[PDB]
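Have a look at the structure below, then the notes.
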Amino acid sequence: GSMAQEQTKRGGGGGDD
Amino acid sequence: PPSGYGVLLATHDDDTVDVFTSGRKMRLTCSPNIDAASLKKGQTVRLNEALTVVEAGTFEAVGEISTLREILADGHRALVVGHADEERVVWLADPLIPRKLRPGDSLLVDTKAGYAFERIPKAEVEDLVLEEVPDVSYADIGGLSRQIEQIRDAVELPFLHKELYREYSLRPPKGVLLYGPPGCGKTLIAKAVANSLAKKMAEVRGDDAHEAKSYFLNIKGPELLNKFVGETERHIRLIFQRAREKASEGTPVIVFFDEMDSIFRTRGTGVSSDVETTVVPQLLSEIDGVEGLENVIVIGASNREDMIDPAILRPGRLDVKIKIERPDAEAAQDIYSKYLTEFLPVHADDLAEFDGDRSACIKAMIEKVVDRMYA
Amino acid sequence: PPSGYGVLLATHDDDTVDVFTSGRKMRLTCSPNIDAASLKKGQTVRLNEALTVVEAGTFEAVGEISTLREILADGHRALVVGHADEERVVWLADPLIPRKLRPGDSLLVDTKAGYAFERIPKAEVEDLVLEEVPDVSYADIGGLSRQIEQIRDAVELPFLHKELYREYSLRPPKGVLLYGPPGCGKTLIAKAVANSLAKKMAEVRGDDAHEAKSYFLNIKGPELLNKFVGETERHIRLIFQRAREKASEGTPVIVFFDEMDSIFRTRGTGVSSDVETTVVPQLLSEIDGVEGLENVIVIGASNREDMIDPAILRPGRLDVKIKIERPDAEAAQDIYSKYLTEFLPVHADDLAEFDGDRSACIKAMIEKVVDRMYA
Amino acid sequence: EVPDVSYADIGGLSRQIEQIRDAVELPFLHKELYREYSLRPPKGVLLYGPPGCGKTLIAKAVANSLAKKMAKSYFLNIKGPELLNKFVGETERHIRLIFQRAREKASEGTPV
Amino acid sequence: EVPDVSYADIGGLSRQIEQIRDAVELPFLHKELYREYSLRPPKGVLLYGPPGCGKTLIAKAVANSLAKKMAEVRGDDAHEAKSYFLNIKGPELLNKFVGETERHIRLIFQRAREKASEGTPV
Ligand SMILES: Nc1ncnc2c1ncn2[C@@H]1O[C@H](COP(=O)(O)OP(=O)(O)OP(=O)(O)O)[C@@H](O)[C@H]1O
Ligand SMILES: Nc1ncnc2c1ncn2[C@@H]1O[C@H](COP(=O)(O)OP(=O)(O)OP(=O)(O)O)[C@@H](O)[C@H]1O
Ligand SMILES: Nc1ncnc2c1ncn2[C@@H]1O[C@H](COP(=O)(O)OP(=O)(O)OP(=O)(O)O)[C@@H](O)[C@H]1O
Ligand SMILES: Nc1ncnc2c1ncn2[C@@H]1O[C@H](COP(=O)(O)OP(=O)(O)OP(=O)(O)O)[C@@H](O)[C@H]1O
Ligand SMILES: [Mg+2]
Ligand SMILES: [Mg+2]
Ligand SMILES: [Mg+2]
Ligand SMILES: [Mg+2]
């Protein structure tokens with residue numbers, strides 16, 4: 001049960017004005 | 001007289017200046033009552049209906065804060081990011097050309113005119129590092145006179161006597177390692193050092209309140225552990241950058257790594273976890289790296305000295321090693337004297353044997369209890 | 001006296017010029033004073049209420065920055081992607097049409113005008129680490145003579161005699177490794193070669209400090225490790241690209257990796273995280289691949305030689321494996337001489353026996369102390 | 001969360017009630033007399049023994065009695081296995097948040 | 001940029017270079033004979049071995065040979081006579097966003113299918 005770090009993946013977001 | 005406002009951009013030898021006004025750039029002359037040479041880049045200046053500068057003001061505006069990324073080579077412009085990951089290059093204002101500007105510092109910017117007017121320092125603030133000033137002082141610790149003198153010579157003495165060390169060309173110690181058995185007192189000495197530093201920065205220098213809070217950067221071991229890859233590294237770099245920027249000539253900044261044994265440990269030990277092959281080298285490189293600290297003392301307290309990695313224990317990182325020992329009979333007597341004060345209510349029948357002399361009575365009780373435990 | 005501004009777009013044989021002004025595309029005649037022949041695309045010009053070009057000026061320095069996508073066939077246009085993935089075809093101004101514009105570059109662009117002006121890297125962070133070059137040189141390092149000779153042969157010698165290397169058809173070493181027990185002086189050599197390189201760069205081209213420092217990069221360890229997938233690899237790609245621009249076959253770029261074990265592993269020793277499994281192949285491809293760095297030297301330092309991946313410790317990648325060993329008696333004498341300088345004050349009692357001769361007294365003191373410790 | 005178990009519900013462990021009272025209940029009743037006498041009030045109690053004997057009941061009864069005695073007191077009940085995650089550091093950050101809330105509540109001066 | 005390494009600069013491997021040279025050229029050297037036997041050209045070539053044994057060397061030689069061949073066949077040396085070799089680093093296609101890397105994969109293979117012809121290898 002070795003503990004592990006993580007690497008996240010961003011989700012692009014849409015913004016207008 | 002209704003008068004306008006605009007943002008100065010640059011000055012010329014023609015005594016005319018470029019100003020961002022009404023969303024567009026204008027070359028305008030200056031009134032004879034205002035000096036054009038006295039003006040500075042990124043200045044809020046007054047205008048009028050004939051489009052002539054009449055007054056100059058402070059560099060105050062309401063603007064979005066951008067995380068500073070890097071200053072350009074020419075030294076006048078810098079790249080910043082935005083909330084929507086918008087990166088733009090902005091000229092520096094006069095106050096921002098003051099403390100040295102560093103990446104990761106928020107800057108108030110007007111993206112239409114593209115000037116970073118000032119830097120907001122409260123946005124980048126760390127309250128986890130700050131520690132409440134302990135009541136404990138040097139006089140409150142007994143039985144460790146040698147260790148107190150050693151830590152005094154390590155920390156307080158070099159800044160009190162600077163010219164004397166410069167005559168001998170001696171640099172202040174760049175690390176202290178307090179270590180020893182459990183309870184014998186390691187956090188108490190850290191509290192005393194923090195209190196002494198707080199007093200020295202409070203009344204000797206007189207800067208202001210909360211200035212003492214700023215120094216003695218205190219972090220516990222497990223606090224640095226995070227959930228991501230290379231996130232603890234960012235915290236280490238940030239805390240060391242803060243220590244570097246806060247420390248001045250003769251100004252000591254102390255970072256206390258309480259519980260040095262558990263944190264870092266020894267590289268290559270521990271099948272379950274592998275945080276070691278990431279955290280220990282950041283600390284190994286921040287201290288005694290290519291670019292070294294100037295007036296920063298790193299104090300580490302450990303109950304398991306041998307557990308700590310040797311690369312950070314060798315001289316040059318943790319030079320002054322102070323060992324706390326278990327109290328002896330005289331040390332136990334001193335510790336009792338530090339707690340069995342004469343302000344405690346003493347029973348009358350207890351005082352009967354010595355005719356009510358509380359000082360001698362308490363000294364005798366301390367002797368009796370020390371003898372009883374050490375028999 | 002109040003005059004406007006605009007951006008030049010194109011020139012015609014009618015002695016007229018297209019100018020973007022006040023958010024609209026207009027055509028103007030030039031003043032008789034200004035010559036339309038000398039104008040270049042993208043230049044900023046000054047206008048008036050009569051809408052006449054009166055003076056040309058330098059290109060814009062601030063605005064939005066966008067990543068370059070490709071260069072079109074005509075050569076005057078290029079596709080650029082904005083912060084929110086908007087793509088626009090924009091003209092290339094005179095400064096871009098120096099180093100060849102290549103995709104993956106962040107060009108400063110005015111979207112409404114549609115012109116690109118310049119580009120700036122972010123890897124400066126590493127160049128920002130060595131803000132102050134260390135003052136130590138080889139004269140201040142003792143106990144290592146063969147190692148200094150090898151490190152000079154690896155870096156200084158090929159550039160001092162390029163014609164001899166060309167005649168013998170020998171290229172400068174691609175990489176150098178420094179390994180040894182902790183505290184033996186690896187960072188000293190690493191920070192002294194940087195000083196030597198800065199001195200060389202200042203004396204050869206220009207006395208400017210920033211350009212001289214711009215040839216040594218300090219990785220400092222796990223600084224490349226990042227939160228998001230595929231970001232640290234792109235950081236390495238940018239670092240090596242920035243390295244490949246600055247090389248001119250007469251100027252070395254030294255990328256120093258400190259504590260090699262931090263980011264380098266066997267790809268199987270990783271327990272908690274295996275980011276190194278992705279990181280290592282990227283850097284191996286960068287060093288030696290289809291396209292190889294012609295004149296970039298990578299200097300690596302480590303304390304555990306075995307933990308490093310076998311692929312890196314291969315000839316043609318890390319050619320010379322300099323090993324620093326623990327000092328002997330003569331090396332100890334040299335190190336002591338480097339510190340026990342003659343200018344240090346010495347007691348009159350010690351001066352009594354050697355008739356005040358500071359140098360001989362200090363020397364004999366050095367042999368006495370090394371003999372005491374080496375017993 | 002407001003505990004409702006009282007000392008009356010507990011049966012056969014009155015002596016344990018009298019020891020546990022002398023460490024948490026009595027100190028906050030007349031803390032002024034203690035700071036006059038300079039005593040340091042206790043900090044932590046470990047209820048240990050065979051399971052299913054009402055270890056949680058004793059703590060809930062103590063908290064309820066302290067709340068009734070006060071004339072505002074705040075109590076936090078966090079079970080063990082909740083503070084467990086496979087990712088590195090999360091279990092420590094949960095403890096940090098719990099104790100941060102504890103200091104937030106204790107800042108007023110009410111018992112926590 | 002096209003490397004200058006050729007087959008004459010590789011030594012000690014006269015069998016492996018023969019295999020890769022066949023797999024690259026012979027389906028295109030003799031297309032009529034291949035269609036005579038209905039032999040489909042191979043679509044997967046792997047080069048494996050201990051570090052520093054010449055794998056990237058053979059890759060560079062293959063790229064140089066392809067560039068020279070396409071320079072001989074047609075023109076547009078600026079990008080043509082080289083666009084047919086696509087050099088991809090290992091982690092280079094990895095991307096931050098969830099689906100962008102998959103789009104890169106599909107788009108790379110789509111272009112590789114478009115640019116390819118029966119006489120021009122990709
Ligand atoms: N002069 C003294 N020497 C030793 N302990 C003292 C002294 N004065 C007070 N103490 C008491 O020692 C106790 C432990 O002090 P401290 O926490 O500094 O020790 P420690 O060895 O760092 O502990 P730990 O092993 O838990 O890290 C406290 O209760 C403190 O009040
Ligand atoms: N000739 C010398 N040989 C070895 N050390 C020296 C010499 N001269 C000075 N030193 C001192 O040795 C100290 C350690 O230097 P350095 O940081 O290079 O060791 P290191 O081998 O890099 O340590 P680590 O392996 O832990 O990174 C320096 O602070 C320097 O003052
Ligand atoms: N005086 C009492 N002694 C023991 N159990 C009681 C008493 N009064 C009620 N109980 C019942 O015992 C049950 C278990 O209570 P509790 O959870 O406190 O036991 P526990 O010792 O905490 O168990 P565990 O050791 O598994 O945590 C409760 O549902 C309660 O109804
Ligand atoms: N016949 C040959 N066999 C092996 N190596 C050679 C030969 N001829 C030249 N070399 C040299 O070997 C070096 C390494 O070649 P190459 O990069 O192909 O090895 P590699 O297997 O790709 O290494 P890695 O496995 O680390 O990627 C080249 O720089 C080349 O100069
Ligand atoms: Mg302690
Ligand atoms: Mg070092
Ligand atoms: Mg229970
Ligand atoms: Mg290879």
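If you read the protein sequences in the order shown, they are chains A, B, C, D and E.
Numbering-wise, the first sequence is residues 1 to 17 according to this note's numbering.
Numbering-wise, the second sequence is residues 1 to 375 according to this note's numbering.
Numbering-wise, the third sequence is residues 1 to 375 according to this note's numbering.
Numbering-wise, the fourth sequence is residues 1 to 112 according to this note's numbering.
Numbering-wise, the fifth sequence is residues 1 to 122 according to this note's numbering.
All residues carry an ideal CB built from backbone N, CA and C; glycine is no exception.
Asked: Just checking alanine 78 of chain B against ligand 1 - is the residue's beta carbon closer than 7 Å to any of the ligand's heavy atoms?; Found: no
Asked: Give me the subset of the region 342-364 of chain B whose CB atoms are less than 9 Å from a CB atom of chain A, sorted by chain position.; Found: none
Asked: Hey, how far is the Cα of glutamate 60 of chain B from the Cα of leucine 72 of chain B?; Found: 24 Å
Asked: First and last residue of the beta strand (DSSP E) that includes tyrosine 165 of chain C?; Found: From DSSP, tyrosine 165 of chain C is part of no beta strand (DSSP E) but of the alpha helix (DSSP H) over 162-168.
Asked: Would you kindly work out how many angstroms separate the C-alpha atoms of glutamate 367 of chain C and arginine 326 of chain C, rounded to a whole number?; Found: 18 Å
Asked: Please work out which residues of its chain come closer than 7 Å, Cβ to Cβ, to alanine 56 of chain C, disregarding the five sequence neighbours upstream and downstream, and give them in chain order.; Found: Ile34, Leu39, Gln43 and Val45
Asked: For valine 90 of chain B, write down the residues that DSSP places opposite it in a beta bridge.; Found: B:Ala78
Asked: Flag this pair as touching only if the region 283-290 of chain C and the region 281-298 of chain B have three or more C-beta atom pairs under 8 Å; answer yes or no.; Found: no
Asked: Between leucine 144 of chain C and ligand 2, is there a pair consisting of the residue's CB and a ligand heavy atom that are separated by less than 7 Å?; Found: yes
Asked: Roughly how far, in whole angstroms, is the beta-carbon of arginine 88 of chain B from the beta-carbon of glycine 104 of chain B, given that I think they are within contact range, below 8 Å?; Found: Contact doesn't hold; Cβ gap of about 17 Å is too wide.
Asked: Report, in whole angstroms, the separation of the C-beta atoms of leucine 178 of chain B and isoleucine 322 of chain B, which I expect to be a contact under 8 Å.; Found: 5 Å
Asked: For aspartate 94 of chain B, which residues from the same chain have a beta carbon less than 8 Å from its beta carbon, with the 5 sequence-adjacent residues on both sides left out?; Found: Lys40, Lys41, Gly42, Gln43 and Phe59
Asked: Can you tell me where the alpha helix (DSSP H) with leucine 238 of chain C in it begins and where it stops?; Found: 231-246
Asked: Using the three-state DSSP reduction, which class does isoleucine 17 of chain E fall into: helix, strand or coil?; Found: helix
Asked: By alpha-carbon positions, which one of D:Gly49, D:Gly52 and D:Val24 ends up nearest to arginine 40 of chain D?; Found: D:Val24
Asked: Any heavy atom of ligand 1 inside 7 Å of the beta-carbon of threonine 341 of chain B?; Found: no
Asked: Give the straight-line distance between the Cα atoms of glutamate 203 of chain C and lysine 213 of chain C, rounded to the nearest whole angstrom.; Found: 13 Å
Asked: Using a Cβ-Cβ cut-off of less than 9 Å, list which residues of the region 216-233 of chain B approach chain A; keep chain order.; Found: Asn226, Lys227, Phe228, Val229, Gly230 and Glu231
Asked: With a threshold of 16 other CB atoms inside 10 Å of the CB of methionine 70 of chain D, please say whether the residue is buried or exposed.; Found: exposed
Asked: For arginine 267 of chain B, which of helix, strand or coil comes out of DSSP?; Found: coil
Asked: Strictly below 8 Å CB to CB, what residues from chain D border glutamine 5 of chain A?; Found: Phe87 and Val88
Asked: Quick check: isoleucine 299 of chain C and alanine 190 of chain C, are their CB atoms within less than 8 Å of each other?; Found: yes
Asked: Could you check what DSSP says for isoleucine 189 of chain C in three-state terms: helix, strand or coil?; Found: helix
Asked: Taking 5 Å as the limit, name every residue whose beta carbon sits nearer than that to some heavy atom of ligand 7, in sequence order.; Found: D:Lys55 and D:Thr56
Asked: Give the residues of chain E in contact with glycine 12 of chain A, contact being defined as C-beta atoms less than 8 Å apart.; Found: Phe97
Asked: Check the Cβ-Cβ distances between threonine 187 of chain C and every residue of chain B, and say whether any is below 8 Å.; Found: yes
Asked: Check distances from the C-beta atoms of the region 34-66 of chain E to those of chain C and list, in chain order, the residues that come in under 8 Å.; Found: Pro51, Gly52, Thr56, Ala59, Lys60 and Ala63
Asked: According to DSSP, simplified to helix, strand and coil, what is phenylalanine 343 of chain B?; Found: coil
Asked: By DSSP, does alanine 36 of chain B sit in helix, in strand, or in coil?; Found: coil
Asked: So does the region 266-273 of chain C actually touch the region 258-277 of chain B, counting three or more Cβ pairs closer than 8 Å?; Found: yes
Asked: Taking 8 Å as the threshold (C-beta atoms), are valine 81 of chain B and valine 109 of chain B in contact?; Found: no
Asked: Beta strand (DSSP E) containing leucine 107 of chain B: first to last residue?; Found: 106-110
Asked: Helix, strand or coil: which one does DSSP assign to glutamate 64 of chain B?; Found: strand
Asked: Buried or exposed: which applies to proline 252 of chain C, given that a residue is buried once 16 or more other Cβ atoms fall within 10 Å of its Cβ?; Found: buried
Asked: Of the residues B:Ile263, B:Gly175, B:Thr278 and B:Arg237, which one's Cα is nearest the Cα of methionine 260 of chain C?; Found: B:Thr278
Asked: Does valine 271 of chain B have its Cβ less than 8 Å from a Cβ in chain D?; Found: no
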